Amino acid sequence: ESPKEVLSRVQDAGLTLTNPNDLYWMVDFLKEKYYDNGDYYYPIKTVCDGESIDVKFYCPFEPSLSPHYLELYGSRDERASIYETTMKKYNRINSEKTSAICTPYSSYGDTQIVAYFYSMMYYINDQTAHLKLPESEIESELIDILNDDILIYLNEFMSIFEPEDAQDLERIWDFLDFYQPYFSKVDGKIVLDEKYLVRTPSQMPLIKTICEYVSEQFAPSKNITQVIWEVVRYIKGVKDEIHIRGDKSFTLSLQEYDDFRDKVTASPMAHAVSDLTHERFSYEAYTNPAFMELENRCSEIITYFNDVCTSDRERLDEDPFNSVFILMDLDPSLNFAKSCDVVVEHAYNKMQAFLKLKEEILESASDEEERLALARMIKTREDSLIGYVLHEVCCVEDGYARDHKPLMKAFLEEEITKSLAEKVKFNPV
């Protein structure tokens, strides 16, 4: 479309998330107004407990949106038929938007697989959220189902895993930890004792779709061990969350919250698959302690940004898993607005720590092939970081985000109207 057409639409109808074209113009506006002017502080305008939350997320990476977003959005009803879900829930998760904006330069199928991984986290997360309820309302049978489901999901990933190197089989086996007694090494594979295949989990079609894609696209030619490793890390992290939420006593320090979020943020699973889509790839990076720390900084930054944006909804849930609330519980002088400011500052320091690790990792590369592989893998994580910021910035239509931001709808409609008008005015120059 031409700037004049979209300007006419925006003046009449405003911005939406149901017309997928609008998101291309929103992302283009954000790059021209912020990144292109050397301003890497993106605005977040929301509320928490009636307090105005007006902050900026620092992220110095180039904004972009996948060219496949149009087709992904156009096929969302068929995608959603895979899931056990209402459309209301599917629309708020909006994995078409998440993947298109965090994975902007991949093929259609390599973008969709990231959508699937993020949706898996969201659906498992909302099943775990039953434990947020007061103890009076918790149903032990739903918790039994949840615990059984994640073991069966875990085995489905185990079932596509047949590493070429025996040390890689041992890497995963030793990493199973408290799940290890349920499995055995057969065939050169890890297999769940069939005694425990006692149900079909509600999202088994999703998990089978993921496993089939990784099996058919990457397992023939690539070492997929890190994908398996990150899924094991995630599933164990969910079990850790079940334990903490089931205990109804939340005593995590901020450092322990960080260590926990390192496991459950799910972006490391998306990165592991995206790493496999590039010829520049170093499997040895995943056991480099500095690279492992870089991945942890990335998960924590996304966590802290998410903590600010979801604070009001989680406050009403009485959910303690939020750095904003951890800081308030430690420091009685903080209200929600002041706590959000401290979290944003922590996210800035983590971003600087991420950039310091990046320079160290690239300097340590042994040869050109390894340097180019590491630079590509770090770029993939940077894509996720700016993508997540713009994801939260662009929550402009109620029902199509986890946390709708009516002040951002108003702010972006006002600012993009002026930017499009300036485009039309100077046309064709």
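In this text, residue numbers run from 1 along the sequence as written.
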{"query": "Per the entry, higher mean C-alpha B factor between 128 to 136 and 227 to 235", "finding": "128 to 136"}
{"query": "Segment of higher mean CA temperature factor, 100 to 108 or 328 to 336", "finding": "328 to 336"}
{"query": "Which of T303, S95, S274, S159 ranks first by CA B-factor in the deposited coordinates", "finding": "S159"}
{"query": "Most elevated Cα B-factor in the entry, residues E71, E295, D149, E279", "finding": "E279"}
{"query": "For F354, the third of its chain into which the C-alpha B factor falls", "finding": "middle"}
{"query": "Third of chain Cα B-factors occupied by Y83", "finding": "middle"}
{"query": "Position of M408 among the chain's modelled residues by C-alpha B-factor, lowest, middle or highest third", "finding": "lowest"}
{"query": "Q255 - which third its CA temperature factor falls in, relative to the rest of the chain", "finding": "middle"}
{"query": "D39 - which third its CA temperature factor falls in, relative to the rest of the chain", "finding": "lowest"}
